[PDB]
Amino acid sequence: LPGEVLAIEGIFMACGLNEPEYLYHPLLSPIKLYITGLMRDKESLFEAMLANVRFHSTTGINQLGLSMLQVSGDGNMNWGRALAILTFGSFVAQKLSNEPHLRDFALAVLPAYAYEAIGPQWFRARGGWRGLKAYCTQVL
């Protein structure tokens, strides 16, 4: 495994930018396949979120990062919230792909926001990516 923030960026690359990873990973590759399915099925809800939100800017990407932190503002985390955060970041990446500079700022900051939003200690104390995959196979 590459490191949490790095792995999340890869998830945004594979799921948001639809950039097929060249090598298969036992844990991350199925997770990426699950998040893509979540984007497809819940596209309408993600569109509703960002409907009247002006996020195509560095200021907007900052607020998108704040949006991730708002998920766990009550101090609670589960793999459901973790998936919503990771899928939301991927969806954001997809909408910024045709704007190189904004896309790259998103890739630069949002992986760290998603990781913090989940909670680094909670992530590690619940099995990390193995725990997430197990949750995915059971729910999706």
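Heads up: residue numbers just count along the shown sequence, starting at 1.
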Assert higher mean C-alpha B factor (28-36 or 100-108, deposited values) equals 28-36
When the Cα temperature factors in the entry are averaged, is it 18-26 or 5-13 that ends up higher?
18-26
61, 77, 68, 50, ranked by C-alpha B-factor: the highest one:
50
Grab the CA temperature factor for residue 55 from the record and place it in the lowest, middle or highest third of its chain.
middle
Place residue 45 in the lowest, middle or highest third of its chain's C-alpha B-factors, as listed in the PDB entry.
highest
